[PDB]
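J.: Would you mind keeping the following structure in view while I ask a few things?
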Amino acid sequence: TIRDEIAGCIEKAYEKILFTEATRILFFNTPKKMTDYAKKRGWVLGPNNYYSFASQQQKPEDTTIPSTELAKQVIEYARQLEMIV
Amino acid sequence: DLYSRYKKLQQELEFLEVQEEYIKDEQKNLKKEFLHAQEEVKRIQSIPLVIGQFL
Amino acid sequence: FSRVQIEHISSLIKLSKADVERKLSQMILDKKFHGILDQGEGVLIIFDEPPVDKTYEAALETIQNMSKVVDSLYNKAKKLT
Amino acid sequence: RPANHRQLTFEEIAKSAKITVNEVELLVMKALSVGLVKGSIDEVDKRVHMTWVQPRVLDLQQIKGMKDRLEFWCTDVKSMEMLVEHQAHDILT
Amino acid sequence: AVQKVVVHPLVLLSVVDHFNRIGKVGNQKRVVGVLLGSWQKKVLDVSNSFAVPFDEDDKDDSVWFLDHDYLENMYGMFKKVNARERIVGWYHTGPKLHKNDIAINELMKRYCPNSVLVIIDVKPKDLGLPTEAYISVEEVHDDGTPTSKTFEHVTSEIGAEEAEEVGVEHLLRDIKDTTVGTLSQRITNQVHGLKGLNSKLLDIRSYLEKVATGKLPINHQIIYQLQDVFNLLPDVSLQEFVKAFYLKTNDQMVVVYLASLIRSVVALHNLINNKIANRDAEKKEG
């Protein structure tokens, strides 16, 4: 429960780091756990490096997706305004 | 008798309950009619209005 | 022109870049000139988002509404003792 | 194109019209003078940003898809607006 | 020419009450009368009118006649009592005009330079503002056919002045007025939205039905261009339409921020003052 929760508490989201310190992440020498996580993470597998692309991530806008619930918010709130009235 | 009058005590209770929602909707519509009356007294009157010398 | 190079805008004003950078940044210090320069690539960019007005209204209300509840502290804590 | 996505590139016009990159200016801007498009040209990447369009013809199986684009607007407004007053239908009375 | 007309409730009722006149005796056809218009400017206004007995054979579906002595001396009656009133055209109850209605306007073009015919509706059903307005004009065609008259639709609106407002505004006695801000805008969101759905639905149903049956043709004097105007804007993002999204989000910022400000002010005043007068009335009386 320590090993899996480190992979759960690392990313998302962390920025770019190098390889040999990801060898320092999971220690050992070149364990198969680094292949299990570099797959699971995803994240990125770069040569001699790692990236958070792309980008940082998914870029929440949120544009007008909240605007619909914004409409609904006062829909039932003006209903509460009519409850007074 | 006890169960009898016990079944007799929710009649006026539900009658007062339907009177609740009634008078609520009543004074809701009459409230908007009073708001309409407010539109009357604020419309009243003129435009154009003659100003005069007050004592 | 908002975005401009520092060397050719110093050619329009006919002055050295040292006291062009320091005088223009001094104009940013005065807030009359909206923008900022860039020393690395020698760029000067102008940008502005003037209105604070809604924050002024908000602050004016709520900051005084503190003293409002302080005024209600007198009446509503008087009925207790 | 379904688009818009109304911003084009110089490679699209220069490859289709098979004209040099210097004459695409005269090309697209003359069409601006004809009146078929009001769009503007982005000359940094040499892109061309179209605006509006000049309707010319169209075709069969287009009245059908037109009913699809319509009926979708029908069920959209019907659903959402019937949801709006579904909430406040009670309080009205 | 004529852009828009103002149809008061007085002229509409003046046709419909005559639909009771000849409607009690029946039977078929329509109520036709002479329209009295008032032209102050390019925008047209209507005040009064009068109806004339009219019959139209079907045999011979192109045969029509009106009483000119009724149009003459009654115009002499209404112009006498009111010098501002004059005939701008005629009217009928439709509901859909038969091809013979053109020659009626061509006969009364001697009375008025441009006669606008007003289709009306005696029984309200659909889809919206009743009646209709058609102006007499010669548009020829892009096909260069010998000049023919297809009446152009004039947008009609309902209005009043002073006394015509007094009568109907007291006669409603039906629904709340307005009320401004709560039920008004949202019921209009139902009506204008849903009646806009079934409008284009049935209108697009006629678009396909006319292609299926009725050819020639109707495709395409305007079919090809009008349908492409429908294909002008799909119109979705990318790109700038995504910028309009969170910009609109940035627009709702201020108003909802102000909303929370009114919430704090309304709650402050009302709650503090009410609890004051509440606790005071209880502690003084009790």
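All residue numbers here begin at 1 and follow the chain in the order shown.
A Cβ is built for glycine as well, from the same backbone N, Cα and C atoms used for every other residue.
In case it's useful when we look at the structure, here is the feature table from Swiss-Prot:
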DOMAIN    E:5-140  domain 'MPN'
CROSSLNK  E:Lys176  ubiquitin cross-link
MOD_RES   E:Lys200  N6-acetyllysine
MOD_RES   E:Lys210  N6-acetyllysine
J.: Suppose we draw a 10 Å sphere around the Cβ of E:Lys210 (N6-acetyllysine). How many other Cβ atoms does it contain, all chains included?
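T.: If we count other Cβ atoms within 10 Å of E:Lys210 (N6-acetyllysine), we arrive at 16.
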J.: Among all chains shown, work out which of the recorded positions E:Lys176, E:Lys200 has the most CB atoms within 10 A of its CB.
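T.: Top count of Cβ atoms within 10 Å goes to E:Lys200.
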J.: If you measure Cβ to Cβ, which of the recorded positions E:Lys176, E:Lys200, E:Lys210 are under 8 Å from chain B?
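T.: Near chain B, the qualifying recorded positions are E:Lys176.
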J.: With CB distance below 8 Å as the criterion, list the recorded positions among E:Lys176, E:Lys200, E:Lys210 that sit near chain D.
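T.: From E:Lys176, E:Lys200, E:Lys210, the ones near chain D are E:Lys200.
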J.: How big is the Cα-to-Cα gap, in Å, between E:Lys200 (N6-acetyllysine) and E:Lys210 (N6-acetyllysine)?
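T.: For E:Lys200 (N6-acetyllysine) versus E:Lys210 (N6-acetyllysine), the Cα atoms are 14 Å apart.
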J.: Just to verify a number: CA distance, the residue listed as 'ubiquitin cross-link' to E:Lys210 (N6-acetyllysine), in angstrom, no decimals.
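T.: Answer for this pair: 43 Å between alpha carbons.
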J.: Helix, strand, coil: count each for the residues of the domain 'MPN' (E:5-140), based on DSSP.
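T.: Helix (H, G, I), strand (E, B), coil: 38 helix, 34 strand, 64 coil.
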J.: Please state whether DSSP places E:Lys176 (ubiquitin cross-link) in a helix, a strand or coil.
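T.: For E:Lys176 (ubiquitin cross-link) - judged by DSSP and reduced to three states - the answer is coil.
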